[PDB]
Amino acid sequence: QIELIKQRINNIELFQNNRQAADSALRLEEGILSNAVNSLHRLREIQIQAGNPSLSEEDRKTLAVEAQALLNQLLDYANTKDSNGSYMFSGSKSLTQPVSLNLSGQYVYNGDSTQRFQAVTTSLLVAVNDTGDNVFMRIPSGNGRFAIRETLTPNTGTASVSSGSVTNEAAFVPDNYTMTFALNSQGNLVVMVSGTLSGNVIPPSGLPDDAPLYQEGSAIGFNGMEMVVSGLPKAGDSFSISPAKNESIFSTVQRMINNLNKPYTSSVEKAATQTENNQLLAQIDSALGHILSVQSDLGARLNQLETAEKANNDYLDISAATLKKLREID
């Protein structure tokens, strides 16, 4: 009884200590994530100009260098140390730097996915960290469901493509699609789509003459997806369309830099920019959003903690009274 309460109060001090420390690690983490949104908000301002055809090559190659500063900024945030001199986003691997760049050239994650849960009342565990694989690395490319790149065949025309979206989830079919512009037996430009698993979808016959013709800025739709083609392509120009792929914010920014550095003087060079600009905007956003969800998650936990601070002072105010009412037996 009394040795039991003694050990209950010993439990409570630990539960309050664990809470105080959780509350703090998490608020430190809110501020790093908060910083990292700042960086992305600006990367988004930047990406939007990269799609503005006013800007001189000089203006853009200068944004390229700002984007390089922002990339470096985000690597510092991902590799932040918390109160101990151990990394906040590395998971259980406390002294391994979470994000680095192999000589392969891609950025990798050297942590794990393991969260420390902590007792902060008798039956509530709360996570006191997040991990880099969740926060920074796995974010889908494209519009979140499908991505659009050029093929190995550079395009000769001025065609560009929106990020588009899935409009009918039931009609949706994941596949590797190829969109090929070519000719009617009449002479009209026409739009074809086929795919590894699906064979021909537009049109099912694959015949140019059974094919829909290309209206500038018109919505092309197949297997649950819609997108819009702008500019004037030439026959043989092609785009590839593929399931979304996990891809770090880091390579997203590496990519905004590669793009700001492309030739951007002739109308033909400027359209090979746009298709990819539209994509990179979606990715910057996907990532803005993804981090906000990590922030929302973190908020919920803090509200679980401010819950626990009232509930541990309730469970002590009660143990104190069990002592007063038990010492009265004496």
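Residue indices: 1-based, along the sequence shown.
Enquirer: If you average the CA temperature factors as listed in the entry, which stretch comes out higher, 48-56 or 283-291?
Expert: Between 283-291 and 48-56, it is 48-56.
Enquirer: For the CA B factor values reported in this entry, which option in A211, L74, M225, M137 has the top one?
Expert: Across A211, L74, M225, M137, the entry lists the biggest C-alpha B-factor for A211.
Enquirer: Among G164, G236, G132, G144, where is the Cα temperature factor highest, going by the PDB entry?
Expert: The C-alpha B-factor peaks, among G164, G236, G132, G144, at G236.
Enquirer: Among the chain's modelled residues, which third holds the C-alpha B-factor of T151?
Expert: CA B-factor rank for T151: highest third.
Enquirer: Taking the C-alpha B-factors as the PDB entry records them, is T265 in the lowest, middle or highest third of its chain?
Expert: Highest third, going by the recorded CA B-factors of the chain.
Enquirer: Within this chain, which third does the Cα B-factor at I241 fall in: lowest, middle or highest?
Expert: Lowest third of the chain for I241's C-alpha B-factor.
Enquirer: Taking the entry's C-alpha B-factors for this chain, is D175 in the lowest, middle or highest third?
Expert: Answer is lowest: the recorded C-alpha B-factor places it there.
Enquirer: Could you place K93 in the lowest, middle or highest third of its chain by Cα temperature factor, using the values in the record?
Expert: According to the entry, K93 has a C-alpha B-factor in the chain's middle third.
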